[PDB]
Amino acid sequence: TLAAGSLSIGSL
Amino acid sequence: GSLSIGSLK
Amino acid sequence: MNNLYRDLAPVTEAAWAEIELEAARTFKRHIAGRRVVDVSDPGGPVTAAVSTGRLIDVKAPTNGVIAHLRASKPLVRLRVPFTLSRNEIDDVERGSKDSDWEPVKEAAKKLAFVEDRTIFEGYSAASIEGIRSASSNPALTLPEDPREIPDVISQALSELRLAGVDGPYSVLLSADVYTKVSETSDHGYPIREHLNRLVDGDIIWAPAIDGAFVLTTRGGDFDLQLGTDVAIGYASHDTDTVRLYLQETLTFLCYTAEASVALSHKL
Amino acid sequence: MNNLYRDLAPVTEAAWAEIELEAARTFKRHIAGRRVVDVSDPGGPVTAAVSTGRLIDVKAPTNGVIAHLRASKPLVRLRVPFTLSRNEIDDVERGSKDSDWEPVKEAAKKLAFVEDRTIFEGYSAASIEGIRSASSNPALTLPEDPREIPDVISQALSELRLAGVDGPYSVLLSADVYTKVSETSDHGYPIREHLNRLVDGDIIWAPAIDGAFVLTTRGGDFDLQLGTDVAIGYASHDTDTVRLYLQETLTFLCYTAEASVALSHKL
Amino acid sequence: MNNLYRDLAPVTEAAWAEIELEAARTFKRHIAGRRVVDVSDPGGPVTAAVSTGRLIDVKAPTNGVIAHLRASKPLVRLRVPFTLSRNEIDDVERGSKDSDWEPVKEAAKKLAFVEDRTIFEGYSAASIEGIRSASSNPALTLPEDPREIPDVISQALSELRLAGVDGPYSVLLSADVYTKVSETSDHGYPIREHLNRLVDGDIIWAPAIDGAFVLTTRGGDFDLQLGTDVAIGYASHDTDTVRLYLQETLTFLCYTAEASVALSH
Ligand code: NI
Ligand code: NI
Ligand code: NI
Ligand code: NI
Ligand code: NI
Ligand code: NI
């Protein structure tokens, strides 16, 4: 929230 | 030495 | 701040949480390659190429010098913009849970489809060969009778085993083929139960691709090199709308040709 | 071992020491850019490109997606082979101090000249623009009267100062121009003493280049990105000769156009 | 925030660092007065005038009252706008070291030149006379033969010594005169070595001024009163460009007329 913002999906 | 090395100055 | 400039967007902390949650779970539902390929750690915004280790002959500078260029696979930055209503954003802090995040879901669906299409079908403009194009194993045709799908999957598995490829085998099905396998029953026996006994790995819902793929998940064959994973950035805004985007910088590399078997419908 | 395969070469440990010492001091004598540019630490044999941080327009995968390729500067591998007599190699262990290392010295002179020519004059085959080509400052012509060299150096220095460029300024002279400055005396007063009072940096002997250069050594303007520094590798051998080589993997980048002033002769 | 509104500019932390570094060193390269004048500590954004301590006759309020206005030199705010490409700004975070900061350097050169010409040539609109106009010592002419420059410097130095002026003497040369001194050699002997042996201070590269100046650096004669030193502020931006500016609030005061000697062509 109001920062970087990488949803960090990565390997699922 | 060894072959050569950068940053000579 | 960074290149996303999220701090400049008129978006509440509460709205940011819901927007990020929706994009995350929507992307996870439509994506299906990140479940079989090796997804690397984000290398950072500075990452721009992946060394392929090969040399490229180039004109020597003078006589007596043997010159070669180091080969590298470039990263592509994918950016899917979308526009949100500022009324829907401001409603979140006031307690609204029915805010219109459809632009977020469509951007997530579009970015997820572009990524899987790049992994499996290719992206020639970014020098990314697809898994289907690089598969050295004989491609197969999906049967007209869906009750014969276990037959074509069994022959695909044997192609992998006969190529010295090991590891847990997984099967990625398109949206239409996945729905057919789930509903089809040969004399009442569901054919998906037959497939689950044939696949030691998983049967993955892959709506972005077409046809089917049978590959190995042993690791080291399919490499999704991430420079920057999917994130939400800010572009511009007025008194009524905000223009955001999903951004991602990556490349795909296929190291083992015989590690996959492609399947398509009869044309 | 490594890609150099040094352990397979029929070269005594004593001979290796003499070969490595000679190549090291010979390369340092002919080299001059590594004394004014920023030479990085060796990134390793995997290094294949240097990110320039810039984006390149590329065809989008589908509508609604904005795709860009990540620009990067490729590394070039320079490899200068040479052949040694096995009698000269075996003489080292027997107490010989006059073994013929001239092929070693010639390879060092060649690799040093290729590198400095790449930094200052360019290497289009490796996408490396020279400092002379990138110099946005007005180039100057060396006078016919060597006693007027302080005039052209003074104007070159003022061009750097008028461009907002700071830092200790250094002057690189070609082999012919350096010899001229060392011998020329205006009414008995040596012109090199005049130049030494004008240059806060150093007057560098640069035999590989032609003409002269006046640049700043403040740092951050000229970047010699090393992937693999100079090394001696083994290629092949018979009962009479050994084929070795001087190898180096690098690229050059010029970040500040106004940070240099190029000088040349007239035709 | 402050009046700069830097937090509102779409500029990454990495880009801000390179932009500030480039503006700082470029301004320092073109500046040449702050090396001979007394530069004060920044008094703050509230600073608006410098007390000259003198009184001004003014109409009395009533009979029996003697009224005087307190004279003071006002501060002037110099603001040099420039525009940067957002592609060049966003390239920094991606690893770019060749981003186009030429608008930054051009604004730095312009602001530096305005300051030096204000100190040495004057700025009548801001009640700033300048060193050249206030110099009570006899002005000199630079010779046509550059080998005669030591003659005119020796006379300028003698004028300062004959005026009771002490302190390390320094010589500020324009871009053309500085290049001439660096290249000219009388019978091979460089004239700069002759000048360095006459100047106990320094010979300063002053590209903004025209001609030359020989002054003292003892202190207390030339005062550059800073209210706000050079800073980078944010004005506006779109999807392609950001319009920034170099800002400075200062005034100059010359307290000793005989402390300088001006030279021209
Ligand atoms: Ni070749
Ligand atoms: Ni509620
Ligand atoms: Ni000459
Ligand atoms: Ni051989
Ligand atoms: Ni009165
Ligand atoms: Ni007043």
# chains A, B, ... in the order shown; residues from 1 in each chain; ligands from 1
call {"tool": "interface_residues", "arguments": {"of": "chain C", "to": "chain E", "cutoff": "7 Å", "atoms": "only C-alpha atoms", "output": "PyMOL selection string"}}
result
chain C and resi 1-3+5+8+45-46
call {"tool": "write_last_selection", "arguments": {"atoms": "N, CA, C and O atoms", "output": "PDB file, in the first residue's frame"}}
result
ATOM      1  N   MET C   1      10.535   7.630  -3.512  1.00  0.00           N
ATOM      2  CA  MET C   1       9.728   6.616  -4.182  1.00  0.00           C
ATOM      3  C   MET C   1      10.499   5.971  -5.329  1.00  0.00           C
ATOM      4  O   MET C   1      11.672   6.277  -5.543  1.00  0.00           O
ATOM      5  N   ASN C   2       9.836   5.085  -6.066  1.00  0.00           N
ATOM      6  CA  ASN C   2      10.425   4.398  -7.209  1.00  0.00           C
ATOM      7  C   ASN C   2       9.683   4.765  -8.496  1.00  0.00           C
ATOM      8  O   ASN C   2       8.847   5.674  -8.522  1.00  0.00           O
ATOM      9  N   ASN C   3      10.001   4.038  -9.574  1.00  0.00           N
ATOM     10  CA  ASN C   3       9.426   4.319 -10.886  1.00  0.00           C
ATOM     11  C   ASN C   3       7.916   4.140 -10.930  1.00  0.00           C
ATOM     12  O   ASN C   3       7.277   4.614 -11.876  1.00  0.00           O
ATOM     13  N   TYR C   5       5.810   5.382  -8.654  1.00  0.00           N
ATOM     14  CA  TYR C   5       5.243   6.646  -8.173  1.00  0.00           C
ATOM     15  C   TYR C   5       3.875   6.431  -7.533  1.00  0.00           C
ATOM     16  O   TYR C   5       2.933   7.196  -7.749  1.00  0.00           O
ATOM     17  N   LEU C   8       2.106   9.216  -5.407  1.00  0.00           N
ATOM     18  CA  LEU C   8       1.467  10.343  -6.069  1.00  0.00           C
ATOM     19  C   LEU C   8       0.035  10.047  -6.491  1.00  0.00           C
ATOM     20  O   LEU C   8      -0.672  10.966  -6.918  1.00  0.00           O
ATOM     21  N   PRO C  45      15.157  -3.860 -10.557  1.00  0.00           N
ATOM     22  CA  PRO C  45      14.884  -3.038 -11.746  1.00  0.00           C
ATOM     23  C   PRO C  45      16.099  -2.832 -12.635  1.00  0.00           C
ATOM     24  O   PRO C  45      15.935  -2.407 -13.785  1.00  0.00           O
ATOM     25  N   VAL C  46      17.308  -3.110 -12.143  1.00  0.00           N
ATOM     26  CA  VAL C  46      18.502  -2.964 -12.969  1.00  0.00           C
ATOM     27  C   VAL C  46      18.681  -4.130 -13.938  1.00  0.00           C
ATOM     28  O   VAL C  46      19.359  -3.976 -14.961  1.00  0.00           O
TER      29      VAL C  46
END
call {"tool": "calpha_fit_and_write", "arguments": {"fixed": "chain D", "moving": "chain C", "output": "mmCIF file with C-alpha atoms, in the first residue's frame"}}
result
data_model
loop_
_atom_site.group_PDB
_atom_site.id
_atom_site.type_symbol
_atom_site.label_atom_id
_atom_site.label_comp_id
_atom_site.auth_asym_id
_atom_site.auth_seq_id
_atom_site.Cartn_x
_atom_site.Cartn_y
_atom_site.Cartn_z
ATOM 1 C CA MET C 1 39.837 -26.521 -13.863
ATOM 2 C CA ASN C 2 38.205 -23.690 -15.835
ATOM 3 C CA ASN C 3 37.824 -22.715 -19.500
ATOM 4 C CA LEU C 4 41.511 -21.798 -19.688
ATOM 5 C CA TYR C 5 42.590 -25.431 -19.086
ATOM 6 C CA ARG C 6 45.958 -24.227 -17.807
ATOM 7 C CA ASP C 7 46.574 -27.549 -16.033
ATOM 8 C CA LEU C 8 46.697 -29.355 -19.394
ATOM 9 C CA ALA C 9 49.518 -27.175 -20.764
ATOM 10 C CA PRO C 10 53.078 -28.608 -20.612
ATOM 11 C CA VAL C 11 54.338 -25.501 -18.812
ATOM 12 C CA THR C 12 56.457 -25.601 -15.661
ATOM 13 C CA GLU C 13 55.446 -23.732 -12.515
ATOM 14 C CA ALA C 14 58.623 -21.682 -12.979
ATOM 15 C CA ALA C 15 57.781 -20.930 -16.615
ATOM 16 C CA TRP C 16 54.208 -19.962 -15.698
ATOM 17 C CA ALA C 17 55.562 -17.366 -13.262
ATOM 18 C CA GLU C 18 57.847 -15.731 -15.831
ATOM 19 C CA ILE C 19 55.223 -15.876 -18.597
ATOM 20 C CA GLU C 20 52.602 -14.242 -16.370
ATOM 21 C CA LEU C 21 55.051 -11.607 -15.105
ATOM 22 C CA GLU C 22 56.125 -10.644 -18.626
ATOM 23 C CA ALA C 23 52.557 -10.400 -19.932
ATOM 24 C CA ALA C 24 51.546 -8.318 -16.907
ATOM 25 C CA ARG C 25 54.294 -5.689 -17.086
ATOM 26 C CA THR C 26 54.199 -5.546 -20.895
ATOM 27 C CA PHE C 27 50.437 -4.984 -20.851
ATOM 28 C CA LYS C 28 50.844 -2.304 -18.173
ATOM 29 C CA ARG C 29 53.408 -0.375 -20.230
ATOM 30 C CA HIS C 30 51.355 -0.169 -23.421
ATOM 31 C CA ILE C 31 47.968 0.363 -21.743
ATOM 32 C CA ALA C 32 46.893 3.911 -20.971
ATOM 33 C CA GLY C 33 43.113 4.000 -20.598
ATOM 34 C CA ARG C 34 42.923 1.947 -17.398
ATOM 35 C CA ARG C 35 44.701 4.954 -15.865
ATOM 36 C CA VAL C 36 41.910 7.442 -16.646
ATOM 37 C CA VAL C 37 38.694 5.420 -16.951
ATOM 38 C CA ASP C 38 36.752 3.617 -14.220
ATOM 39 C CA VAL C 39 37.767 -0.053 -14.355
ATOM 40 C CA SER C 40 35.118 -2.216 -12.703
ATOM 41 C CA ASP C 41 35.526 -5.339 -10.615
ATOM 42 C CA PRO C 42 35.575 -8.585 -12.647
ATOM 43 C CA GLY C 43 31.982 -9.758 -12.801
ATOM 44 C CA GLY C 44 32.907 -13.359 -13.544
ATOM 45 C CA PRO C 45 32.759 -15.597 -16.614
ATOM 46 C CA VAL C 46 28.943 -15.536 -16.440
ATOM 47 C CA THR C 47 28.810 -11.772 -17.120
ATOM 48 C CA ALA C 48 27.528 -11.127 -20.646
ATOM 49 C CA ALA C 49 25.890 -7.675 -20.759
ATOM 50 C CA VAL C 50 25.733 -4.301 -19.019
ATOM 51 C CA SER C 51 22.349 -2.695 -18.415
ATOM 52 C CA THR C 52 22.078 0.733 -20.040
ATOM 53 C CA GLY C 53 18.755 1.282 -18.230
ATOM 54 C CA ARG C 54 16.890 2.365 -21.362
ATOM 55 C CA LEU C 55 13.784 0.870 -22.936
ATOM 56 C CA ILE C 56 13.260 -0.112 -26.571
ATOM 57 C CA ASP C 57 9.782 0.032 -28.083
ATOM 58 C CA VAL C 58 8.626 -3.377 -29.290
ATOM 59 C CA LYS C 59 5.410 -4.788 -30.732
ATOM 60 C CA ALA C 60 2.781 -5.372 -28.077
ATOM 61 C CA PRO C 61 1.673 -8.966 -27.419
ATOM 62 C CA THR C 62 -2.016 -8.027 -27.423
ATOM 63 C CA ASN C 63 -4.154 -4.910 -27.198
ATOM 64 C CA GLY C 64 -3.923 -3.065 -23.898
ATOM 65 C CA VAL C 65 -0.290 -4.035 -23.247
ATOM 66 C CA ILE C 66 2.626 -1.621 -23.612
ATOM 67 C CA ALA C 67 5.760 -3.641 -24.316
ATOM 68 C CA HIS C 68 9.354 -2.421 -24.120
ATOM 69 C CA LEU C 69 12.651 -4.275 -24.335
ATOM 70 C CA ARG C 70 15.297 -3.594 -21.700
ATOM 71 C CA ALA C 71 18.421 -2.251 -23.406
ATOM 72 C CA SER C 72 21.829 -3.736 -22.648
ATOM 73 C CA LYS C 73 25.398 -3.302 -23.873
ATOM 74 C CA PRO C 74 27.012 -6.652 -24.762
ATOM 75 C CA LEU C 75 30.415 -7.865 -23.639
ATOM 76 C CA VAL C 76 33.044 -8.893 -26.185
ATOM 77 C CA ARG C 77 35.638 -11.610 -25.589
ATOM 78 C CA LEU C 78 39.081 -10.699 -26.937
ATOM 79 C CA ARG C 79 41.543 -13.571 -27.385
ATOM 80 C CA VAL C 80 45.084 -13.021 -28.668
ATOM 81 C CA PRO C 81 46.783 -16.384 -29.303
ATOM 82 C CA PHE C 82 50.540 -16.861 -29.268
ATOM 83 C CA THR C 83 52.926 -19.791 -29.623
ATOM 84 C CA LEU C 84 55.899 -20.562 -27.370
ATOM 85 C CA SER C 85 58.828 -22.917 -27.891
ATOM 86 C CA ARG C 86 58.827 -25.848 -25.476
ATOM 87 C CA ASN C 87 62.629 -25.632 -25.361
ATOM 88 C CA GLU C 88 62.363 -22.068 -24.032
ATOM 89 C CA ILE C 89 59.762 -23.230 -21.494
ATOM 90 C CA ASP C 90 61.846 -26.164 -20.244
ATOM 91 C CA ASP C 91 64.923 -23.923 -19.961
ATOM 92 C CA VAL C 92 63.288 -21.901 -17.162
ATOM 93 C CA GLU C 93 63.440 -24.734 -14.623
ATOM 94 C CA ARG C 94 67.073 -25.360 -15.604
ATOM 95 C CA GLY C 95 67.931 -21.766 -14.686
ATOM 96 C CA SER C 96 67.474 -19.799 -17.926
ATOM 97 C CA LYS C 97 66.517 -16.135 -17.606
ATOM 98 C CA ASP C 98 66.873 -15.326 -21.334
ATOM 99 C CA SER C 99 63.928 -17.433 -22.514
ATOM 100 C CA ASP C 100 62.165 -16.070 -25.594
ATOM 101 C CA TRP C 101 58.938 -14.535 -24.287
ATOM 102 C CA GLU C 102 58.553 -12.253 -27.315
ATOM 103 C CA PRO C 103 55.290 -13.990 -28.378
ATOM 104 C CA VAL C 104 53.987 -13.127 -24.906
ATOM 105 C CA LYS C 105 55.037 -9.482 -25.238
ATOM 106 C CA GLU C 106 53.565 -9.166 -28.735
ATOM 107 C CA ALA C 107 50.264 -10.672 -27.584
ATOM 108 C CA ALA C 108 50.240 -8.295 -24.612
ATOM 109 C CA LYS C 109 51.025 -5.343 -26.885
ATOM 110 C CA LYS C 110 48.297 -6.408 -29.313
ATOM 111 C CA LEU C 111 45.639 -6.904 -26.629
ATOM 112 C CA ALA C 112 46.572 -3.623 -24.928
ATOM 113 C CA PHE C 113 46.346 -1.714 -28.216
ATOM 114 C CA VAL C 114 42.994 -3.316 -29.081
ATOM 115 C CA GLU C 115 41.601 -2.306 -25.685
ATOM 116 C CA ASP C 116 42.746 1.325 -25.804
ATOM 117 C CA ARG C 117 41.666 1.643 -29.446
ATOM 118 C CA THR C 118 38.270 0.293 -28.380
ATOM 119 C CA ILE C 119 38.034 2.772 -25.499
ATOM 120 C CA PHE C 120 39.183 5.857 -27.419
ATOM 121 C CA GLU C 121 38.554 5.143 -31.116
ATOM 122 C CA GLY C 122 35.711 2.623 -30.881
ATOM 123 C CA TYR C 123 34.711 -0.893 -31.902
ATOM 124 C CA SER C 124 31.579 -0.704 -34.043
ATOM 125 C CA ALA C 125 31.325 -4.485 -34.411
ATOM 126 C CA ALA C 126 30.836 -4.702 -30.625
ATOM 127 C CA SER C 127 28.564 -1.619 -30.440
ATOM 128 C CA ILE C 128 31.295 0.263 -28.551
ATOM 129 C CA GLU C 129 31.455 3.950 -29.441
ATOM 130 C CA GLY C 130 34.843 5.535 -28.891
ATOM 131 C CA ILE C 131 35.562 8.487 -26.639
ATOM 132 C CA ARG C 132 36.634 10.482 -29.698
ATOM 133 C CA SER C 133 33.344 9.833 -31.497
ATOM 134 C CA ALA C 134 31.190 10.530 -28.423
ATOM 135 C CA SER C 135 33.027 13.723 -27.390
ATOM 136 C CA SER C 136 30.477 16.539 -27.703
ATOM 137 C CA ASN C 137 33.229 19.136 -27.128
ATOM 138 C CA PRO C 138 34.823 20.813 -30.179
ATOM 139 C CA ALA C 139 37.748 18.748 -31.416
ATOM 140 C CA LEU C 140 41.090 20.498 -31.874
ATOM 141 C CA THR C 141 44.058 20.175 -34.226
ATOM 142 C CA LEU C 142 47.581 19.666 -32.958
ATOM 143 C CA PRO C 143 49.747 22.576 -34.142
ATOM 144 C CA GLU C 144 52.507 22.168 -36.684
ATOM 145 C CA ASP C 145 54.917 23.936 -34.305
ATOM 146 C CA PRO C 146 55.309 21.651 -31.253
ATOM 147 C CA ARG C 147 56.034 24.759 -29.155
ATOM 148 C CA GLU C 148 52.338 25.654 -29.594
ATOM 149 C CA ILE C 149 51.109 22.431 -27.953
ATOM 150 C CA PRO C 150 50.482 24.260 -24.628
ATOM 151 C CA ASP C 151 48.150 26.562 -26.577
ATOM 152 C CA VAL C 152 45.921 23.745 -27.825
ATOM 153 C CA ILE C 153 45.980 21.996 -24.431
ATOM 154 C CA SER C 154 44.901 25.212 -22.686
ATOM 155 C CA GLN C 155 41.929 25.618 -25.024
ATOM 156 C CA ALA C 156 40.996 21.960 -24.515
ATOM 157 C CA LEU C 157 41.047 22.470 -20.738
ATOM 158 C CA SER C 158 38.837 25.553 -21.075
ATOM 159 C CA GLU C 159 36.380 23.496 -23.132
ATOM 160 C CA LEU C 160 36.054 21.047 -20.234
ATOM 161 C CA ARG C 161 35.691 23.834 -17.657
ATOM 162 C CA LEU C 162 33.108 25.657 -19.780
ATOM 163 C CA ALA C 163 31.080 22.424 -19.997
ATOM 164 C CA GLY C 164 30.676 22.146 -16.223
ATOM 165 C CA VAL C 165 33.164 19.264 -16.084
ATOM 166 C CA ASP C 166 35.335 19.193 -12.948
ATOM 167 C CA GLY C 167 37.800 16.703 -11.479
ATOM 168 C CA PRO C 168 41.527 16.221 -12.035
ATOM 169 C CA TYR C 169 42.183 16.744 -15.734
ATOM 170 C CA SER C 170 44.557 14.341 -17.484
ATOM 171 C CA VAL C 171 46.153 14.407 -20.930
ATOM 172 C CA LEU C 172 46.789 11.255 -22.967
ATOM 173 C CA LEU C 173 49.385 11.650 -25.726
ATOM 174 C CA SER C 174 50.152 9.292 -28.589
ATOM 175 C CA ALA C 175 53.643 7.839 -28.934
ATOM 176 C CA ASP C 176 54.731 10.522 -31.407
ATOM 177 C CA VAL C 177 53.117 13.450 -29.580
ATOM 178 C CA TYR C 178 54.466 12.279 -26.217
ATOM 179 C CA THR C 179 58.014 12.079 -27.585
ATOM 180 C CA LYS C 180 57.670 15.548 -29.125
ATOM 181 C CA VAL C 181 56.450 17.095 -25.864
ATOM 182 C CA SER C 182 59.351 15.475 -24.003
ATOM 183 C CA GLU C 183 61.998 16.816 -26.404
ATOM 184 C CA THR C 184 60.560 20.176 -27.493
ATOM 185 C CA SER C 185 61.904 23.284 -25.760
ATOM 186 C CA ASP C 186 60.624 26.798 -26.469
ATOM 187 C CA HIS C 187 63.695 29.042 -26.119
ATOM 188 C CA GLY C 188 65.237 26.321 -23.966
ATOM 189 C CA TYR C 189 62.236 26.063 -21.635
ATOM 190 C CA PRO C 190 60.866 22.501 -21.938
ATOM 191 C CA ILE C 191 57.247 22.572 -23.056
ATOM 192 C CA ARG C 192 56.529 19.494 -20.936
ATOM 193 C CA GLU C 193 57.269 21.559 -17.826
ATOM 194 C CA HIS C 194 54.705 24.058 -19.113
ATOM 195 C CA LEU C 195 52.183 21.240 -19.529
ATOM 196 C CA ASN C 196 52.871 19.758 -16.082
ATOM 197 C CA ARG C 197 51.967 23.157 -14.614
ATOM 198 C CA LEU C 198 48.777 23.114 -16.712
ATOM 199 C CA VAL C 199 47.635 19.571 -15.847
ATOM 200 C CA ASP C 200 46.678 18.852 -12.244
ATOM 201 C CA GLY C 201 46.425 15.170 -13.189
ATOM 202 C CA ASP C 202 48.920 13.172 -15.249
ATOM 203 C CA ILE C 203 50.368 13.203 -18.757
ATOM 204 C CA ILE C 204 49.891 9.598 -19.846
ATOM 205 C CA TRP C 205 51.938 7.723 -22.455
ATOM 206 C CA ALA C 206 49.250 6.292 -24.776
ATOM 207 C CA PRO C 207 50.979 4.523 -27.690
ATOM 208 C CA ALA C 208 47.828 2.757 -28.922
ATOM 209 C CA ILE C 209 45.903 5.960 -29.720
ATOM 210 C CA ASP C 210 46.757 8.651 -32.273
ATOM 211 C CA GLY C 211 46.624 12.376 -31.596
ATOM 212 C CA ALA C 212 45.793 13.383 -28.036
ATOM 213 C CA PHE C 213 42.967 13.492 -25.507
ATOM 214 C CA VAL C 214 42.179 15.901 -22.669
ATOM 215 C CA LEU C 215 39.620 14.417 -20.278
ATOM 216 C CA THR C 216 38.621 14.376 -16.617
ATOM 217 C CA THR C 217 39.432 11.674 -14.072
ATOM 218 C CA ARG C 218 36.696 12.671 -11.613
ATOM 219 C CA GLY C 219 35.009 9.302 -12.130
ATOM 220 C CA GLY C 220 31.637 8.200 -13.441
ATOM 221 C CA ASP C 221 32.204 9.309 -17.050
ATOM 222 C CA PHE C 222 34.204 6.472 -18.655
ATOM 223 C CA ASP C 223 33.326 2.920 -17.603
ATOM 224 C CA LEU C 224 35.441 -0.117 -18.533
ATOM 225 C CA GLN C 225 33.161 -2.963 -17.425
ATOM 226 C CA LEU C 226 35.290 -6.071 -16.854
ATOM 227 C CA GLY C 227 33.703 -9.495 -16.917
ATOM 228 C CA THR C 228 37.011 -11.365 -16.993
ATOM 229 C CA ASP C 229 40.297 -9.496 -16.732
ATOM 230 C CA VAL C 230 43.294 -10.434 -18.866
ATOM 231 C CA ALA C 231 44.409 -14.018 -18.238
ATOM 232 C CA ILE C 232 46.583 -16.636 -19.939
ATOM 233 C CA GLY C 233 44.874 -19.776 -21.223
ATOM 234 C CA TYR C 234 45.924 -22.959 -23.004
ATOM 235 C CA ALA C 235 44.769 -24.099 -26.448
ATOM 236 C CA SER C 236 46.948 -26.941 -27.801
ATOM 237 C CA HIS C 237 50.507 -28.250 -27.892
ATOM 238 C CA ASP C 238 52.799 -30.693 -29.675
ATOM 239 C CA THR C 239 56.328 -31.934 -28.960
ATOM 240 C CA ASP C 240 57.870 -28.594 -30.007
ATOM 241 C CA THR C 241 55.446 -25.719 -29.338
ATOM 242 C CA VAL C 242 52.601 -24.687 -27.044
ATOM 243 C CA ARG C 243 49.726 -22.462 -28.197
ATOM 244 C CA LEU C 244 48.599 -20.132 -25.402
ATOM 245 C CA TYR C 245 46.508 -16.969 -25.483
ATOM 246 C CA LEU C 246 45.612 -13.800 -23.603
ATOM 247 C CA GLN C 247 41.859 -13.594 -23.048
ATOM 248 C CA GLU C 248 39.659 -10.773 -21.786
ATOM 249 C CA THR C 249 35.910 -10.106 -21.677
ATOM 250 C CA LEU C 250 34.878 -6.474 -21.317
ATOM 251 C CA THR C 251 32.944 -3.516 -22.707
ATOM 252 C CA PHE C 252 33.340 0.251 -22.607
ATOM 253 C CA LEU C 253 30.662 2.853 -21.931
ATOM 254 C CA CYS C 254 30.885 6.644 -22.197
ATOM 255 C CA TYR C 255 28.309 8.348 -19.977
ATOM 256 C CA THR C 256 29.396 12.005 -20.298
ATOM 257 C CA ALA C 257 29.976 13.420 -23.777
ATOM 258 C CA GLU C 258 31.385 16.770 -22.623
ATOM 259 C CA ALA C 259 33.940 15.095 -20.323
ATOM 260 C CA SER C 260 36.592 14.778 -23.053
ATOM 261 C CA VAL C 261 38.256 16.799 -25.807
ATOM 262 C CA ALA C 262 39.788 14.973 -28.766
ATOM 263 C CA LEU C 263 42.852 16.173 -30.672
ATOM 264 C CA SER C 264 44.285 15.008 -33.993
ATOM 265 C CA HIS C 265 46.970 15.962 -36.485
ATOM 266 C CA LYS C 266 46.302 18.187 -39.489
ATOM 267 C CA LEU C 267 45.239 15.989 -42.409
#
call {"tool": "select_by_dssp", "arguments": {"residues": "region 25-252 of chain C", "states": "strand (DSSP E or B)", "output": "JSON, numbers by chain"}}
result
{"C": [38, 39, 49, 50, 51, 52, 53, 54, 55, 56, 57, 66, 67, 68, 69, 70, 71, 72, 73, 74, 76, 77, 78, 79, 80, 81, 82, 83, 84, 85, 122, 123, 128, 129, 140, 141, 169, 170, 171, 172, 173, 185, 186, 189, 190, 203, 204, 205, 212, 213, 214, 215, 216, 222, 223, 224, 225, 226, 227, 228, 229, 230, 231, 232, 233, 234, 235, 236, 237, 241, 242, 243, 244, 245, 246, 247, 248, 249, 250, 251, 252]}
call {"tool": "select_by_dssp", "arguments": {"residues": "region 28-139 of chain D", "states": "alpha helix (DSSP H)", "output": "PyMOL selection string"}}
result
chain D and resi 28-30+86-93+102-120+131-134
call {"tool": "residues_near_ligand", "arguments": {"ligand": "ligand 6", "cutoff": "9 Å", "atoms": "only C-alpha atoms and all ligand atoms", "output": "list in words"}}
result
residues 49, 51, 52, 56, 69, 70, 71, 72, 73 and 74 of chain E
call {"tool": "write_last_selection", "arguments": {"atoms": "N, CA, C and O atoms", "output": "compact mmCIF listing (two decimals), in the first residue's frame"}}
result
# COMPACT_ATOMS: atom_id res chain seq x y z
N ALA E 49 16.09 41.13 4.06
CA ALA E 49 16.88 42.35 3.93
C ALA E 49 18.13 42.22 4.79
O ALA E 49 18.19 41.41 5.71
N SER E 51 20.68 44.69 7.01
CA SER E 51 20.77 46.03 7.59
C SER E 51 22.07 46.69 7.17
O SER E 51 23.15 46.16 7.42
N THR E 52 21.96 47.86 6.56
CA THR E 52 23.14 48.65 6.23
C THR E 52 23.54 49.61 7.34
O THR E 52 24.52 50.35 7.18
N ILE E 56 18.12 57.28 7.25
CA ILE E 56 17.54 57.99 6.11
C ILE E 56 16.61 59.07 6.65
O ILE E 56 15.67 58.76 7.39
N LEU E 69 14.47 56.56 8.82
CA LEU E 69 14.21 55.21 8.33
C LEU E 69 15.50 54.41 8.34
O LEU E 69 16.57 54.93 8.00
N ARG E 70 15.40 53.14 8.71
CA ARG E 70 16.55 52.25 8.78
C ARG E 70 16.84 51.71 7.38
O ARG E 70 16.06 50.93 6.84
N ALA E 71 17.97 52.11 6.81
CA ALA E 71 18.34 51.64 5.48
C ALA E 71 18.73 50.17 5.53
O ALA E 71 19.35 49.71 6.49
N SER E 72 18.37 49.44 4.48
CA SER E 72 18.67 48.02 4.41
C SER E 72 18.69 47.59 2.95
O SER E 72 17.89 48.08 2.14
N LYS E 73 19.61 46.69 2.62
CA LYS E 73 19.71 46.15 1.26
C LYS E 73 18.76 44.96 1.12
O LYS E 73 18.84 44.02 1.91
N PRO E 74 17.87 44.97 0.13
CA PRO E 74 16.92 43.87 -0.01
C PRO E 74 17.54 42.65 -0.68
O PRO E 74 18.50 42.76 -1.46
